[PDB]
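Encoded as structure tokens, the structure appears first; notes follow it.
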Amino acid sequence: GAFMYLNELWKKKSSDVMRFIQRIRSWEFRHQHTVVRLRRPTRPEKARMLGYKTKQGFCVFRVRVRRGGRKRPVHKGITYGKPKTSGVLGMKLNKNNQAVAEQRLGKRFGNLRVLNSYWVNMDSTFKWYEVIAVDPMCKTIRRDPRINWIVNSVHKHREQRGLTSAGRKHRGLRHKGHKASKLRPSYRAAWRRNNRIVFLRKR
Amino acid sequence: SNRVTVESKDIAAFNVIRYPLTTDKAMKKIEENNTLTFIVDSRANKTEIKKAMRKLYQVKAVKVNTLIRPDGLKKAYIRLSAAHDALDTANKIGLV
Amino acid sequence: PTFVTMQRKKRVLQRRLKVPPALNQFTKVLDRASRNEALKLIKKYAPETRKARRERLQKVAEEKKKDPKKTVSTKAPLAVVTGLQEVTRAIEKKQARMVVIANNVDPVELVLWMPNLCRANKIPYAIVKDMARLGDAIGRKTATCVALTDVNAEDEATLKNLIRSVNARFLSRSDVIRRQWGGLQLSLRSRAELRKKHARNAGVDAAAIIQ
Amino acid sequence: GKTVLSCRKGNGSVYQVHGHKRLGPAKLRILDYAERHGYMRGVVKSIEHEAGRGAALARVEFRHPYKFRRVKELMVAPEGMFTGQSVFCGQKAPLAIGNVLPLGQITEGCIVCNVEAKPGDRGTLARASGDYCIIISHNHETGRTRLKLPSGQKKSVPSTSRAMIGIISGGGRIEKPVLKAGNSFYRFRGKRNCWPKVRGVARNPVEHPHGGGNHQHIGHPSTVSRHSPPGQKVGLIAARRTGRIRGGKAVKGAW
RNA sequence: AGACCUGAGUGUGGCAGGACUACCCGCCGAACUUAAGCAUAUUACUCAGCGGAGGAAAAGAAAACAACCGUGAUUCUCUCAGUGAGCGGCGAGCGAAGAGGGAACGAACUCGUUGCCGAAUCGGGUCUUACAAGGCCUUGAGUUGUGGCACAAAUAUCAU
RNA sequence: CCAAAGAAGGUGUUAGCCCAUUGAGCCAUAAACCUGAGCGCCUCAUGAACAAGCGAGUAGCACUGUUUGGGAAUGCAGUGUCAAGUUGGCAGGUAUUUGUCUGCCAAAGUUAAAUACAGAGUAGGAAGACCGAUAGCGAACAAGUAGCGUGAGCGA
RNA sequence: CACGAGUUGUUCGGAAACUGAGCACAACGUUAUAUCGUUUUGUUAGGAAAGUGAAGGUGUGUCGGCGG
RNA sequence: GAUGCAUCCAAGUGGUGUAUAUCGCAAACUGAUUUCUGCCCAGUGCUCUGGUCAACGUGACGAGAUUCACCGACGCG
RNA sequence: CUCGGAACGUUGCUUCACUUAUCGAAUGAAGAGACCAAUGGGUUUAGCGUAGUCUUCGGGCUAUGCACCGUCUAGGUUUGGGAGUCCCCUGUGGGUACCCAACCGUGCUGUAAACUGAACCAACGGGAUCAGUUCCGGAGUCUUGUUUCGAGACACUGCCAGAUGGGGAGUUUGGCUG
RNA sequence: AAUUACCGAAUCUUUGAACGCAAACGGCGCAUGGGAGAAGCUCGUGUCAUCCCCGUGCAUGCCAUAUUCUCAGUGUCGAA
Ligand SMILES: [K+]
Ligand SMILES: [K+]
Ligand SMILES: [K+]
Ligand SMILES: [K+]
Ligand SMILES: [K+]
Ligand SMILES: [K+]
Ligand SMILES: [K+]
Ligand SMILES: [K+]
Ligand SMILES: [K+]
Ligand SMILES: [K+]
Ligand SMILES: [K+]
Ligand SMILES: [K+]
Ligand SMILES: [K+]
Ligand SMILES: [K+]
Ligand SMILES: [K+]
Ligand SMILES: [K+]
Ligand SMILES: [K+]
Ligand SMILES: [Mg+2]
Ligand SMILES: [Mg+2]
Ligand SMILES: [Mg+2]
Ligand SMILES: [Mg+2]
Ligand SMILES: [Mg+2]
Ligand SMILES: [Mg+2]
Ligand SMILES: [Mg+2]
Ligand SMILES: [Mg+2]
Ligand SMILES: [Mg+2]
Ligand SMILES: [Mg+2]
Ligand SMILES: [Mg+2]
Ligand SMILES: [Mg+2]
Ligand SMILES: [Mg+2]
Ligand SMILES: [Mg+2]
Ligand SMILES: [Mg+2]
Ligand SMILES: [Mg+2]
Ligand SMILES: [Mg+2]
Ligand SMILES: [Mg+2]
Ligand SMILES: [Mg+2]
Ligand SMILES: [Mg+2]
Ligand SMILES: [Mg+2]
Ligand SMILES: [Mg+2]
Ligand SMILES: [Mg+2]
Ligand SMILES: [Mg+2]
Ligand SMILES: [Mg+2]
Ligand SMILES: [Mg+2]
Ligand SMILES: [Mg+2]
Ligand SMILES: [Mg+2]
Ligand SMILES: [Mg+2]
Ligand SMILES: [Mg+2]
Ligand SMILES: [Mg+2]
Ligand SMILES: [Mg+2]
Ligand code: NA
Ligand code: NA
Ligand code: NA
Ligand code: NA
Ligand code: NA
Ligand code: NA
Ligand code: NA
Ligand code: NA
Ligand code: NA
Ligand code: NA
Ligand code: NA
Ligand code: NA
Ligand code: NA
Ligand code: NA
């Protein structure tokens, strides 16, 4: 189908034609807002893959995040304590930019449920992700068996708890077995299991 | 309308005017200044007190002077028209 | 307004930059006369409306209830193939006699590959001016592409002439299309400045030639 | 240690400008079509003093080029400007003192003020009292005019930038001795919180690199590097030389 | 004229906002302390800080272990094991996993894709005792794709 | 004298029989819940037999930071660079280049139970080899009260 | 200490209803994090923040004027 | 001489001197007149002209990891 | 061993020209550029040729013409053409001294020593249906588009690398001992 | 018509996320309904200017929507 052709075209991201398209798009995005509502996704194939449907109640927002590593927000770069915890510029956030963009969108628009997001463009200073959101109060959403689940309360602000795909990625849930033994079900849960002192009754 | 409770227009002045005062100064003003002293609603208007006197005691108030007491109540000095006897209206109210 | 400024500057940038052939091929659209003729044919073979389809299905149901033994075909009357998935399937199966692709689809990657697929499968294809005009032809708001798979005997000659005129522009010029780069177009003020500069320096170096 | 005063002044706070009683920015009129093609005539209505400035300001009334109204610009007056004077601003303005002309229309060797570093900049050079630039030469190939600035430097600017003819008023303010800390107090009252000045050697080691010691001295050389961090760059910053200048003053500034 | 693309204004119908916060999920994150000093280390992926849910949360249906005569989503317990694993100024210290006995368990499903269909879809009116998983209508949305059928627990579905 | 009841509360001393309790049962119920997936009716669904694909700025890889028992790198983050799919990929706890074997098929999503409640609530219960009014909660009492501090707070 | 009283405004003071040094809601940016920044040198915001109306259309009421 | 100098700030189309413009801003020292301020650039600063110093590149041996050569700026000399 | 060239593709630097990214200004984004015409653009402004060279025979593609887009001006200077002083009383009042072309010019009604006047909400003229009722110009037109100006692919943005760096952070600064 | 207990129906001042706008102000709006009106008019009767009173709506963002609402763009076409 046409999906195969769009998928291969978007796998060829370093070609001349795709570089031209992405440069024009990056200029246009650079001259817009941080969060922009769109009628249709820029990549319909990727959006449909990640959960978007051309139905009433589905929304797409393009969110912009600045690129680069984290700076520790200490006054004048002054830190007190051991020299180990003294770096101000070389530290890195333990959360990826896709998760940051999803969280910014979800915190800005609290009446929507964030479902997924995908990379569309990046330039020397910015990075753009399209975030799929669902309206929980729409009859089309509330009567569809395949998106019904997002209306429940356990899914409120899932992007803030890191339950989206990018959240799982930076939590390490992409791995199983010996690669994620201390990270499952979460690192806090594993720490609790491993560090709680157990007092059996008769011992 | 999102407010559905039944509110009666004929009982509004009973809330505006609560009870009269029978202190020495209040009774002193009745005889000479044609003035009745009342305790009224603390959020009430002088115009609303003037209307409430007409609706309740069928008298015309030419002047109303209100003060909020140091204990939080509101006290109104209502001077009746010269056509009305403040002593007669006080007798009708039930204070003497 | 910012959106006005950006929509004008986007066109300016697209003209000023160097456009690779894959994107530049959509600038060289079919001519006006053949575009009007193709839209006339597409509108003649437009898909049936919701009401028309519903009445046809109701009549089919009545013909079924008249006697269950007789089987009535529920196939729709012959029409154009409309929709990205259906047109792609028609091209891939080589069922399409002639494909029409709008040049102003954004995202362009929906139809950027379609001329190459049509060329590879040897199906005649034309690039036309508006998905809005295609949608007006087919009864919708817009249309990325439309495929003519078959026509009636009355329209066979029109389809053949359209195929020839379309192949004149698109299928027979494949070598030029695959290699022609676009863009690099100067502004009017820049062209005027260059012309005046050349006029000023027209004969400064006349005394350096021996003759 | 504690923060140095030169770095504390960068926070603003109580070290900002005393802008109350000031009339506003003193600029040339906008570079509009009338200035770029013909000229505009305005009338000097009043000459006034602004707190914190040593030169006089001129309120010049022009007509609006597009509307039925009057504009009333406020500029720095050149010396000799009087009330009722006619000021011509544009390409076709005559070469007279107080007129604003493009730098390409002014003869070489002319003394100008309120010079624009960029076209449309509305004047940023030679604006202190008694100061002026000298037009050295024009270059019609590149369209640029060379000027000698009040500091003695030479600067090339686009010839479309405008300039007022004459020197800035109030010249000779610095030749009168102040004689009194009270006079200095009143002088700086309209400028900002920068006076009196405490010497670094008179402070403690916690606040200043120069402070401390049983004798009032700078322990280390007072010439500091250009790459010194803030709080360390105090004293003579990136000095190419020191001591009493002999045999001729050089032109201060970068090359 | 007109379209449709992008973007406004208004009407109409909604929702977000704060509290709580024991537990749980995401970030951010010390130091006292211990090393008889101290900088790696330790405390501790802890306190404090900032978000977000729920009666639980998270996890969860193999890109899993293993190396067997093999096992079979997740979670938890005993055990493995303070370990002849490992990590560590190899110092002070730190430190898991598979297997086994159990608890639980009707435990599995959905989409994109690919084939074959193609508006059969969704809202909105109106009607049926019905804001029906129903009929009828509707350009309103959608062909820049909504919905159906079949993909291993599989071997057609579609009539009548 | 009672006990299918001895149950431990009250009552002017230490109560099975002074009182209340201590049991079968009985009566009454918005919805939900449970019951030949309780059972009719209308409506609406619906069961059985009559060839190609499979998730790309992704996975890698480099550098830097961090985290881990994970050690020529257990996860993750930044930035650079960036696949395969016709020795297809991934894992197999010493880096490399091979070539064999085994298990599995990443980069959408949902999912109950067994588990937590380490300074929460709501409506109830059962208690205790606990404390006994300088104790046990700060608070057995008009206690976060009176009072104190500009305030954050502190607090009988 | 107990008990009972006492404060009356068209014009007084404030507000309605001015501007100042200033502040910081919106907006926009930033931040893992808004509980951060900017926000008067005429003055928000890449920024479509005017709902108000000079004429003249047309009706209605109040005039004068013309002829009949 | 403003795409400046000093300097705030975790950050931004962020902030201060600067509503400024060298008779100006910013940073030091000495301390009213008056009379003067000698010699020293070795040291240590500061400043201005032509061996070594990183990453990155570039090539090569090798199955490859690895390695080696070359190039390489402030700075220092 | 060294040196000389092609004639190719590619490319490491780099001059110069440019402009669209980007940067610096200014402005209420208030008048940019052209018309004065390419080393320009159109087969929805590519029409007509010519010569190659292709073709899916429908047409292209390279050159190279010609045509179109696409034009109007203050003023200066000189070339042609036509064509209408009078009242009252010497004074006063009212009026006429045109058009066309070319070339220059380049958007141009004002000043050039200054010494404080006023200017808004159009007069008016055409064309259609005295006055309506509309148009139109008065008050040029155009747009390969950019608010304008200055820079401009460097310096502006990330990341990696090295210097320097008490400006600041942490720590330490043995023992024995008349 | 006891009183207790329990609860299905009612009430529920001023605030506060607090949201018409402010605020050491029991302040001030704008719509849209009411109410009371001792001037005036009308015939104590109606009606009622100014005034005073009360209810409801009116923050911002987002989403959906418009019997298919009103617009903007030297965006793309298409008429003309
Ligand atoms: K960042
Ligand atoms: K630090
Ligand atoms: K486990
Ligand atoms: K001072
Ligand atoms: K110790
Ligand atoms: K740790
Ligand atoms: K087991
Ligand atoms: K007892
Ligand atoms: K294998
Ligand atoms: K889940
Ligand atoms: K738990
Ligand atoms: K509990
Ligand atoms: K003396
Ligand atoms: K020296
Ligand atoms: K060197
Ligand atoms: K420019
Ligand atoms: K338009
Ligand atoms: Mg971090
Ligand atoms: Mg898990
Ligand atoms: Mg009073
Ligand atoms: Mg001292
Ligand atoms: Mg110091
Ligand atoms: Mg001294
Ligand atoms: Mg000294
Ligand atoms: Mg905490
Ligand atoms: Mg549970
Ligand atoms: Mg869950
Ligand atoms: Mg540890
Ligand atoms: Mg689908
Ligand atoms: Mg049954
Ligand atoms: Mg039944
Ligand atoms: Mg990657
Ligand atoms: Mg660690
Ligand atoms: Mg560790
Ligand atoms: Mg897969
Ligand atoms: Mg017990
Ligand atoms: Mg006691
Ligand atoms: Mg106690
Ligand atoms: Mg106590
Ligand atoms: Mg007392
Ligand atoms: Mg007063
Ligand atoms: Mg102010
Ligand atoms: Mg400011
Ligand atoms: Mg002296
Ligand atoms: Mg000396
Ligand atoms: Mg031809
Ligand atoms: Mg041709
Ligand atoms: Mg050609
Ligand atoms: Mg409020
Ligand atoms: Na200021
Ligand atoms: Na010292
Ligand atoms: Na909340
Ligand atoms: Na087990
Ligand atoms: Na018992
Ligand atoms: Na000195
Ligand atoms: Na002194
Ligand atoms: Na001094
Ligand atoms: Na020396
Ligand atoms: Na070297
Ligand atoms: Na401008
Ligand atoms: Na240091
Ligand atoms: Na120190
Ligand atoms: Na110390």
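Identifiers in the structure tokens: chain A, B, ... in order shown; residue index from 1 per chain; ligand index from 1 in order shown.
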
**Message:** Please find the residues contacting ligand 12 at a distance of at most 12 Å between atoms, with only C-alpha atoms (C1' of nucleotides) and all ligand atoms counted, and report them as a PyMOL selection string.
**Reply:** (chain E and resi 22-23+55-56) or (chain F and resi 116-117+120-122)

Could you save those same residues with N, CA, C and O atoms (P, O5', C5', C4', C3', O3' and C1' of nucleotides) as a PDB file, in the first residue's frame?
ATOM      1  P     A E  22       1.960  11.560  53.101  1.00  0.00           P
ATOM      2  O5'   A E  22       2.613  10.115  53.380  1.00  0.00           O
ATOM      3  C5'   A E  22       2.707   9.648  54.746  1.00  0.00           C
ATOM      4  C4'   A E  22       2.283   8.203  54.813  1.00  0.00           C
ATOM      5  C3'   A E  22       2.632   7.338  53.599  1.00  0.00           C
ATOM      6  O3'   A E  22       3.935   6.784  53.702  1.00  0.00           O
ATOM      7  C1'   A E  22       0.354   7.027  54.179  1.00  0.00           C
ATOM      8  P     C E  23       4.934   6.775  52.445  1.00  0.00           P
ATOM      9  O5'   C E  23       4.363   5.608  51.501  1.00  0.00           O
ATOM     10  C5'   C E  23       4.280   4.260  52.015  1.00  0.00           C
ATOM     11  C4'   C E  23       3.333   3.478  51.140  1.00  0.00           C
ATOM     12  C3'   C E  23       3.645   3.498  49.642  1.00  0.00           C
ATOM     13  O3'   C E  23       4.599   2.503  49.298  1.00  0.00           O
ATOM     14  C1'   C E  23       1.328   3.912  50.001  1.00  0.00           C
ATOM     15  P     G E  55     -10.217   4.505  42.103  1.00  0.00           P
ATOM     16  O5'   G E  55     -10.101   2.913  42.313  1.00  0.00           O
ATOM     17  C5'   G E  55     -10.456   2.340  43.591  1.00  0.00           C
ATOM     18  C4'   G E  55      -9.357   1.409  44.030  1.00  0.00           C
ATOM     19  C3'   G E  55      -9.634   0.612  45.306  1.00  0.00           C
ATOM     20  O3'   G E  55      -8.775  -0.512  45.431  1.00  0.00           O
ATOM     21  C1'   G E  55      -7.975   2.186  45.746  1.00  0.00           C
ATOM     22  P     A E  56      -8.938  -1.817  44.509  1.00  0.00           P
ATOM     23  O5'   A E  56      -7.789  -1.661  43.389  1.00  0.00           O
ATOM     24  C5'   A E  56      -6.401  -1.791  43.781  1.00  0.00           C
ATOM     25  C4'   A E  56      -5.832  -0.417  44.029  1.00  0.00           C
ATOM     26  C3'   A E  56      -4.797   0.090  43.025  1.00  0.00           C
ATOM     27  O3'   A E  56      -5.398   0.660  41.872  1.00  0.00           O
ATOM     28  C1'   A E  56      -4.011   0.452  45.211  1.00  0.00           C
TER      29        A E  56
ATOM     30  P     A F 116       1.897  -6.623  51.206  1.00  0.00           P
ATOM     31  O5'   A F 116       2.146  -5.074  50.857  1.00  0.00           O
ATOM     32  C5'   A F 116       3.499  -4.566  50.859  1.00  0.00           C
ATOM     33  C4'   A F 116       3.469  -3.097  50.520  1.00  0.00           C
ATOM     34  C3'   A F 116       2.760  -2.187  51.524  1.00  0.00           C
ATOM     35  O3'   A F 116       3.607  -1.826  52.604  1.00  0.00           O
ATOM     36  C1'   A F 116       2.046  -1.665  49.334  1.00  0.00           C
ATOM     37  P     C F 117       3.075  -1.887  54.118  1.00  0.00           P
ATOM     38  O5'   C F 117       2.126  -0.595  54.215  1.00  0.00           O
ATOM     39  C5'   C F 117       2.687   0.706  53.923  1.00  0.00           C
ATOM     40  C4'   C F 117       1.561   1.685  53.714  1.00  0.00           C
ATOM     41  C3'   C F 117       0.498   1.721  54.815  1.00  0.00           C
ATOM     42  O3'   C F 117       0.897   2.582  55.872  1.00  0.00           O
ATOM     43  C1'   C F 117      -0.542   1.653  52.679  1.00  0.00           C
ATOM     44  P     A F 120      -0.756   8.466  59.473  1.00  0.00           P
ATOM     45  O5'   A F 120      -1.891   9.026  58.480  1.00  0.00           O
ATOM     46  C5'   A F 120      -1.716   8.833  57.058  1.00  0.00           C
ATOM     47  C4'   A F 120      -2.669   9.733  56.317  1.00  0.00           C
ATOM     48  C3'   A F 120      -4.149   9.576  56.674  1.00  0.00           C
ATOM     49  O3'   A F 120      -4.496  10.359  57.806  1.00  0.00           O
ATOM     50  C1'   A F 120      -3.902   9.471  54.340  1.00  0.00           C
ATOM     51  P     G F 121      -5.777   9.978  58.693  1.00  0.00           P
ATOM     52  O5'   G F 121      -6.986  10.648  57.873  1.00  0.00           O
ATOM     53  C5'   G F 121      -8.220   9.909  57.758  1.00  0.00           C
ATOM     54  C4'   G F 121      -8.954  10.334  56.512  1.00  0.00           C
ATOM     55  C3'   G F 121     -10.347   9.724  56.331  1.00  0.00           C
ATOM     56  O3'   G F 121     -11.339  10.545  56.928  1.00  0.00           O
ATOM     57  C1'   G F 121      -9.054   9.265  54.429  1.00  0.00           C
ATOM     58  P     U F 122     -12.108  10.058  58.248  1.00  0.00           P
ATOM     59  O5'   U F 122     -13.499   9.513  57.650  1.00  0.00           O
ATOM     60  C5'   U F 122     -13.954  10.023  56.375  1.00  0.00           C
ATOM     61  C4'   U F 122     -14.892   9.023  55.750  1.00  0.00           C
ATOM     62  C3'   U F 122     -15.536   8.015  56.705  1.00  0.00           C
ATOM     63  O3'   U F 122     -16.596   8.582  57.460  1.00  0.00           O
ATOM     64  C1'   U F 122     -14.821   6.919  54.744  1.00  0.00           C
TER      65        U F 122
END

**Request:** Fewer than 4 positions away in the same chain doesn't count, so skip those; otherwise give me all residues within 12 Å of residue 40 (chain G), counting only C-alpha atoms (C1' of nucleotides), as a PyMOL selection string.
**Result:** (chain D and resi 19-20+24) or (chain G and resi 20+22+44) or (chain H and resi 19)

Can I get the selected residues back with N, CA and C atoms (P, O5', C5', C4', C3', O3' and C1' of nucleotides), as a PDB file, in the first residue's frame?
ATOM      1  N   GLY D  19      16.024  58.626  36.611  1.00  0.00           N
ATOM      2  CA  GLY D  19      15.355  59.093  35.411  1.00  0.00           C
ATOM      3  C   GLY D  19      14.232  60.076  35.641  1.00  0.00           C
ATOM      4  N   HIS D  20      13.682  60.130  36.850  1.00  0.00           N
ATOM      5  CA  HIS D  20      12.689  61.148  37.163  1.00  0.00           C
ATOM      6  C   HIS D  20      13.319  62.529  37.020  1.00  0.00           C
ATOM      7  N   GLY D  24      13.298  62.815  28.611  1.00  0.00           N
ATOM      8  CA  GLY D  24      13.191  61.694  27.712  1.00  0.00           C
ATOM      9  C   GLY D  24      14.427  61.554  26.852  1.00  0.00           C
TER      10      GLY D  24
ATOM     11  P     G G  20       2.053  57.516  36.308  1.00  0.00           P
ATOM     12  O5'   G G  20       2.848  58.006  37.616  1.00  0.00           O
ATOM     13  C5'   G G  20       3.748  59.132  37.499  1.00  0.00           C
ATOM     14  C4'   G G  20       4.506  59.293  38.791  1.00  0.00           C
ATOM     15  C3'   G G  20       5.278  58.068  39.285  1.00  0.00           C
ATOM     16  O3'   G G  20       6.543  57.961  38.649  1.00  0.00           O
ATOM     17  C1'   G G  20       4.124  59.112  41.085  1.00  0.00           C
ATOM     18  P     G G  22      11.286  53.598  39.789  1.00  0.00           P
ATOM     19  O5'   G G  22      10.829  52.347  40.692  1.00  0.00           O
ATOM     20  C5'   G G  22       9.798  51.462  40.189  1.00  0.00           C
ATOM     21  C4'   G G  22       8.875  51.087  41.321  1.00  0.00           C
ATOM     22  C3'   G G  22       8.093  49.782  41.154  1.00  0.00           C
ATOM     23  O3'   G G  22       8.847  48.649  41.556  1.00  0.00           O
ATOM     24  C1'   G G  22       6.622  51.501  41.806  1.00  0.00           C
ATOM     25  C1'   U G  44       2.125  44.437  26.513  1.00  0.00           C
ATOM     26  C3'   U G  44       4.407  44.282  25.788  1.00  0.00           C
ATOM     27  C4'   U G  44       4.252  45.441  26.776  1.00  0.00           C
ATOM     28  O3'   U G  44       5.603  43.562  26.048  1.00  0.00           O
ATOM     29  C5'   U G  44       4.837  46.759  26.336  1.00  0.00           C
ATOM     30  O5'   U G  44       4.241  47.128  25.072  1.00  0.00           O
ATOM     31  P     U G  44       4.620  48.543  24.415  1.00  0.00           P
TER      32        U G  44
ATOM     33  P     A H  19      18.473  54.242  29.891  1.00  0.00           P
ATOM     34  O5'   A H  19      18.728  55.435  28.834  1.00  0.00           O
ATOM     35  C5'   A H  19      17.856  55.558  27.685  1.00  0.00           C
ATOM     36  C4'   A H  19      17.432  56.996  27.501  1.00  0.00           C
ATOM     37  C3'   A H  19      18.405  58.075  27.993  1.00  0.00           C
ATOM     38  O3'   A H  19      18.350  59.224  27.160  1.00  0.00           O
ATOM     39  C1'   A H  19      16.362  58.299  29.130  1.00  0.00           C
TER      40        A H  19
END

**Contacts of region 25-30 of chain C within 7 Å, only C-alpha atoms (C1' of nucleotides), excl. fewer than 2 positions in-chain, as a PyMOL selection string** = chain C and resi 21-23+32+34-35+103+126-129+169+177

**Prompt:** Using only C-alpha atoms (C1' of nucleotides), which residues sit within 8 Å of residue 60 (chain C) once same-chain residues fewer than 5 positions away are excluded, as a ChimeraX atom specification?
**Reply:** /C:72-74

**Prompt:** Can you list every residue in chain C that DSSP puts in alpha helix (DSSP H), as a PyMOL selection string?
**Reply:** chain C and resi 2-16+21-24+32-44+50-66+84-92+114-121+131-138+153-169+174-179+188-200

**Message:** Neighbours of ligand 36 at 12 Å or closer, counting only C-alpha atoms (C1' of nucleotides) and all ligand atoms: which residues, as a VMD selection string?
**Reply:** chain F and resid 126 to 129

**Request:** Give the residues close to ligand 34, within 12 Å, counting only C-alpha atoms (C1' of nucleotides) and all ligand atoms; write them as JSON, numbers by chain.
**Result:** {"A": [182], "E": [41, 42, 44, 45, 86, 87, 88, 93, 94, 95, 96], "F": [66, 67, 68, 69, 70, 71, 74]}

**Request:** Write out as a ChimeraX atom specification each polymer residue whose atoms come within 12 Å of region 50-52 of chain B, counting only C-alpha atoms (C1' of nucleotides); drop sequence neighbours fewer than 2 positions from it.
**Result:** /B:9-18,38,40-41,44-48,54-66,76-81 /J:36-38,52-53

**Prompt:** When the cut-off is 7 Å and we count only C-alpha atoms (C1' of nucleotides), which residues of chain C are near chain E, given as an MDAnalysis selection string?
**Reply:** chainID C and resid 3 82:83 132 141

**Request:** Within region 20-153 of chain A, find each residue whose DSSP state, derived from the backbone, is strand (DSSP E), and express the selection as an MDAnalysis selection string.
**Result:** chainID A and resid 35:38 58:66 113:122 126:134

**Message:** Can you pull out every residue with an atom within 6 Å of ligand 2? Use only C-alpha atoms (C1' of nucleotides) and all ligand atoms and format it as a PyMOL selection string.
**Reply:** chain A and resi 77-79+86-88

For N, CA, C and O atoms, I'd like the residues from the last selection saved as a compact mmCIF listing (two decimals), in the first residue's frame.
# COMPACT_ATOMS: atom_id res chain seq x y z
N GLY A 77 27.10 29.04 39.44
CA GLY A 77 27.82 27.78 39.29
C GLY A 77 28.54 27.35 40.54
O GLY A 77 29.55 26.64 40.46
N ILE A 78 28.06 27.76 41.71
CA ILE A 78 28.69 27.45 42.99
C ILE A 78 27.93 26.30 43.63
O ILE A 78 26.71 26.40 43.84
N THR A 79 28.63 25.22 43.93
CA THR A 79 28.06 24.05 44.59
C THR A 79 28.87 23.75 45.83
O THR A 79 30.10 23.86 45.81
N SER A 86 30.01 18.41 41.84
CA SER A 86 30.45 19.77 41.57
C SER A 86 30.28 20.21 40.13
O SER A 86 30.52 21.39 39.84
N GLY A 87 29.88 19.33 39.22
CA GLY A 87 29.72 19.73 37.84
C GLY A 87 28.46 20.54 37.63
O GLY A 87 27.41 20.27 38.22
N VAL A 88 28.56 21.55 36.77
CA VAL A 88 27.45 22.46 36.53
C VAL A 88 26.99 22.35 35.08
O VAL A 88 25.80 22.50 34.79

**Asked** Mind listing the residues within 12 Å of ligand 50, only C-alpha atoms (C1' of nucleotides) and all ligand atoms counted, as a PyMOL selection string?
**Response** (chain D and resi 12-22+24-25+191-192) or (chain G and resi 21-22+40-41) or (chain H and resi 15-20)

**Item:** Residues within 12 Å of residue 9 (chain F), only C-alpha atoms (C1' of nucleotides), excluding chain neighbours under 4 positions, as a list in words
**Value:** residues 19, 20, 21 and 22 of chain F

Can you write just those residues out, C-alpha atoms (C1' of nucleotides), as a PDB file, in the first residue's frame?
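Written out: result-v3.pdb:
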ATOM      1  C1'   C F  19     -31.469  -4.504  84.437  1.00  0.00           C
ATOM      2  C1'   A F  20     -29.210  -4.528  79.615  1.00  0.00           C
ATOM      3  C1'   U F  21     -26.991  -8.351  76.932  1.00  0.00           C
ATOM      4  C1'   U F  22     -26.055 -13.575  75.307  1.00  0.00           C
TER       5        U F  22
END

**Message:** Which residues are close to residue 43 (chain E), i.e. within 9 Å by only C-alpha atoms (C1' of nucleotides), leaving aside same-chain residues fewer than 3 positions away? Reply as a PyMOL selection string.
**Reply:** chain E and resi 33-34+46

**Message:** Show me which residues line ligand 9, defined as having an atom within 10 Å of a ligand atom where only C-alpha atoms (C1' of nucleotides) and all ligand atoms count, and present them as a PyMOL selection string.
**Reply:** chain F and resi 88-90+100-104

**Request:** Please extract the residues at most 10 Å from ligand 8, counting only C-alpha atoms (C1' of nucleotides) and all ligand atoms, and provide them as a ChimeraX atom specification, using the chain letters and residue numbers of this document.
**Result:** /F:7-10,14-16

**Request:** Output the neighbourhood of ligand 38 as a list in words, that is, all protein and nucleic acid residues with some atom at most 10 Å from the ligand, counting only C-alpha atoms (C1' of nucleotides) and all ligand atoms.
**Result:** residues 133, 134, 135, 136, 137, 138, 139 and 140 of chain F
